[PDB]
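[1] Give me coordinates for this.
(one chain, ligands or ions: 1)
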Amino acid sequence: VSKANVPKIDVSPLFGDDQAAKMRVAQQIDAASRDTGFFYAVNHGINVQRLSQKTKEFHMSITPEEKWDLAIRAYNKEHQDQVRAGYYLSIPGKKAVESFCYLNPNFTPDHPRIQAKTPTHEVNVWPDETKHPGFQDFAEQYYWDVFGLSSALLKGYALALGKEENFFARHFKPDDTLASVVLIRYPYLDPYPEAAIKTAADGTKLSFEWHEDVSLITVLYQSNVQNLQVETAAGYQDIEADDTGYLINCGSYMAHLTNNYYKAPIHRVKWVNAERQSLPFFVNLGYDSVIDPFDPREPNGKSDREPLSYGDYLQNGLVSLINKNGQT
Ligand SMILES: [Fe+3]
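    Residues are numbered from 1 along each chain as shown. Take a look at the structure below.
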């Protein structure tokens with residue numbers, strides 16, 4: 001199995017006003033997006049040591065009682081309003097992964113999308129402050145820290161495609177973004193439950209099967225344990241780990257609006273028996289956000305693809321992904 005070319009891109013110019021330096025970053029983003037589809041963002045300014053530490057404290061200290069109280073509807077019939085946000089339980093002996101998902105902290109009962117009961121909008125659920133002091137504060141802060149990095153990355157993608165730098169970012173707003181953070185624990189288990197290991201067609205043992213991401217872009221921090229593979233025409237290639245950088249890829253909404261010029265890379269998660277974290281931030285726009293599709297290959301950029309509302313895209317995509325790769 002070969003190793004994927006995943007460049008490390010210094011994204012710091014995207015926070016500045018040196019326009020030529022931003023263009024040189026955008027060229028590297030373009031090149032990566034047309035190759036394997038992945039790159040590492042380095043010099044990003046986020047304290048990822050604190051993120052990993054606080055996440056570890058939470059996963060290791062939460063109890064079965066608390067997990068039921070926080071569980072999404074798939075695990076607790078009482079929580080009919082929690083489809084996205086909450087705890088995703090492991091099943092001892094059957095399912096190893098567990099995770100906690102939270103959404104825009106601005107989604108409160110006062111928010112009009114919550115008042116209207118618009119699909120995909122939910123109010124976050126949190127553990128008791130006294131049992132997990134500082135966790136909610138850290139998690140909400142982190143949402144806005146990674147929001148800020150993601151805004152900057154969206155400027156790079158816009159420039160890469162020959163658009164003005166706010167082309168995507170103007171639709172990525174703190175008041176309505178459907179973006180999510182997922183705090184995923186992959187445990188060390190001995191013996192490891194065979195039910196939690198899938199066998200790929202090529203024989204590889206997997207924790208999560210091939211998929212395209214449901215996102216505009218995905219902004220991922222992982223601990224330093226190699227696990228990801230990307231599909232190329234010549235087969236799957238290993239993505240090397242880097243626990244100081246963020247791993248970035250496009251989701252299927254980017255592929256739609258660029259007429260597959262920037263594809264959403266197909267990728268999968270190898271089984272590795274090691275305690276590790278996987279902390280994605282899924283960059284989603286607003287429920288009514290629409291970007292007119294275009295084709296960067298054409299002189300006039302004309303595309304015959306229908307504009308797709310981001311909310312309808314996200315509702316369909318989240319359900320499709322559960323149906324194909326299983327309830328996480
Ligand atoms: Fe993915």
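
[2] Please count neighbours and contacts with C-alpha atoms only from this point.
    OK.

[3] So which residues of this protein form strands?
    Secondary structure of the chain (DSSP state E): strands at 8-10, 38-42, 86-88, 98-102, 180-186, 198-199, 205-211, 217-222, 228-232, 235-238, 246-250, 267-270, 276-283.

[4] who does the most centrally placed residue in the chain bridge with?
    Nearest to the geometric centre of the chain sits residue 282, at 3.2 Å (Cα atoms, centre = their mean). Beta bridges link residue 282 to residue 180, residue 218, judged by DSSP bridges.

[5] now residue 185, nearest residue through space, not along the chain?
    Leaving aside its chain neighbours, residue 185 sits nearest to residue 277 (5.1 Å; criterion: Cα to Cα, 6 or more residues apart in numbering).

[6] got the contact list for that neighbour?
    Shown in contact with residue 277 (Cα atoms under 8 Å, 6 or more residues apart in numbering): 52, 183, 184, 185, 186, 222, 223.

[7] Got a quick PyMOL command for the buried subset of those residues?
    Selection of buried members from the contacts of residue 277 for PyMOL, criterion 16 or more other Cα atoms under 10 Å:
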select buried, resi 52+183+184+185+186+222+223
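
[8] Can you lay out the contacts of residue 277 as JSON lines showing distance to residue 300?
    Output for these, formatted as JSON lines (distance: Cα to Cα, whole Å):
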{"residue": "52", "distance to residue 300": "46"}
{"residue": "183", "distance to residue 300": "42"}
{"residue": "184", "distance to residue 300": "43"}
{"residue": "185", "distance to residue 300": "46"}
{"residue": "186", "distance to residue 300": "47"}
{"residue": "222", "distance to residue 300": "40"}
{"residue": "223", "distance to residue 300": "43"}
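
[9] wait, residue 58 sits on residue 133?
    No: counting by Cα atoms under 8 Å, residue 58 sits too far from residue 133 to count as a contact (9.8 Å).

[10] Compare neighbour counts for those two and give me the winner.
    The residue with more neighbours, out of residue 58 and residue 133, is residue 58; 17 against 12, by other Cα atoms under 10 Å.

[11] Look up how far residue 74 lies from the residue nearest to residue 185.
    Separation of residue 277 from residue 74 (Cα to Cα, to the nearest Å): 22 Å.

[12] quick one on the thing from earlier: for the contacts of residue 277, which two are the farthest from each other?
    52 and 186 (13.2 Å; Cα to Cα).

[13] for the strands of the chain, which one sits closest to residue 164?
    Residue 164 lies closest, by Cα to Cα, to one member of these: strand 217-222, at 17.9 Å.

[14] What is the neighbour count of the closest residue to residue 289 other than its chain neighbours?
    By the measure of Cα to Cα, 6+ apart, the closest residue to residue 289 outside its immediate chain neighbours is residue 310, 5.4 Å from it. By other Cα under 10 Å, the residues close to residue 310 number 20.

[15] cool, residue 94 as well?
    13.

[16] nearest spatial neighbour of residue 229, skipping sequence neighbours?
    Closest to residue 229 by Cα to Cα, 6+ apart is residue 238, at 4.5 Å.

[17] That neighbour reaches residue 1, doesn't it?
    Yes: using Cα under 8 Å, residue 238 makes contact with residue 1 at a distance of 7.2 Å.
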